[PDB]
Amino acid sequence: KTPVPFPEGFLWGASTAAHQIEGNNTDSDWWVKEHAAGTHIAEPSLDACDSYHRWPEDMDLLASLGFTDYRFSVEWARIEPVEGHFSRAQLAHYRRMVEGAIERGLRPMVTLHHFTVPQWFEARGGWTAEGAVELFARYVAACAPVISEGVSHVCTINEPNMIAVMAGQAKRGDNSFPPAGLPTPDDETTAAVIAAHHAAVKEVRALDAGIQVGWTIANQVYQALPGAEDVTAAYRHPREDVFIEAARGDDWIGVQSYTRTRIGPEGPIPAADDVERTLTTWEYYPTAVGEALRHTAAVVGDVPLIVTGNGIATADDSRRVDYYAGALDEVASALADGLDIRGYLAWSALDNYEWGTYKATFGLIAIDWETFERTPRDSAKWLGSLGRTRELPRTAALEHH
């Protein structure tokens, strides 16, 4: 019904991840998987957006559009290309990104880990191997020159619940996803990423640089059909809630939401045949983030919430505007209800490599895969303008009360 001004210092921006935009990330586990014999990965990442060279243009564009914040990742595979050999070259590359954000009036949120790992880290047995926790923490300590000045927010591990899910697949040797919901996570990896996270928090806080640290959650918005509450709770806990519980002592927690999955007495039910879908196959559900935020609050307590990824894969930008109008309304609504939300970062700043395909275009900013030309979409112009306005618009539908 009425507009909700940004809280003071509210993050307003977009998010990317190194492997999805940078191009030539050739020391990652993913680079190997993309080219392995028998890979199921539909297409290779290759040059992606070449943000390795073109992040200056990325950030010029974001700032010009009126965004005030940029979440990007720094890449362990580059920083530690072989075990024990830290690249000062790549550390400086990443420090230049932080400084470059600041010089363009963008507050940088730094993700230290976004799914990919060094191939050597995978080859030695991944998150569940002996020493994996110490290895991650050492990498985190080594990022100190990148994050010790000018960075207010660090994300340790992006969506550890997706890590645990995929480890569950790899352990069973499963290649396909169920028609709804998520594969049983590997509880071993669950434990390992949680211990890795706490150790990373210690490392960042040890810098005594005031950094707010936490991690981000792939919120599924599991909804119980009436009667199926207990099944829904059991299903969601290892997939989501256990990672939110591990964040209860953190300085902030990231909410990443896109769609919803209904759960019946037998478990996850797929979207109806006739309901609107996005280019990811997911049900179009603009109000997801609303439920994601509220569920996250219920579980995590009073840890500040930030939306660190939210959007839609679509070829129709006016449908993206629709999606954000509903998502922003849910953010406003949660704020007005008194949730402590301190930022909104859209997924994604650019069209990017969506873990195996380039067809699932999530970008505010269009990318030509041949020339690397950036073209802001209209959604980008509108959302960006809110960085100056600093007020969340509402949809024209009525609230209760």
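All residue numbers are counted from 1 along the displayed sequence.
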Looking only at C-alpha temperature factors in the entry, 104-112 or 169-177, the higher average sits in 169-177
Ranked by mean Cα B-factor in the entry, 381-389 and 20-28, top stretch is 381-389
Reading the B-factor column of the entry, which of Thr68, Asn352, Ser51, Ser64 has the highest value at its C-alpha atom?
-> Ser64
Quick one: which of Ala200, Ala77, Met97, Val275 has the biggest Cα B-factor according to the entry?
-> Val275
Ranked C-alpha temperature factor of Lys359 among modelled chain residues, by third | highest
Split the chain's modelled residues into thirds by Cα B-factor; is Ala234 in the lowest, middle or highest one?
-> highest
Quick one: classify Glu83 as lowest, middle or highest third of the chain based on its Cα B-factor.
-> lowest
Consider only the C-alpha atoms of the modelled residues in this chain, order them by B-factor as the entry records it, and name the third containing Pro183: lowest, middle or highest.
-> highest
Taking the values exactly as deposited, rank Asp322 by C-alpha B-factor within its chain and report the matching third: lowest, middle or highest.
-> highest
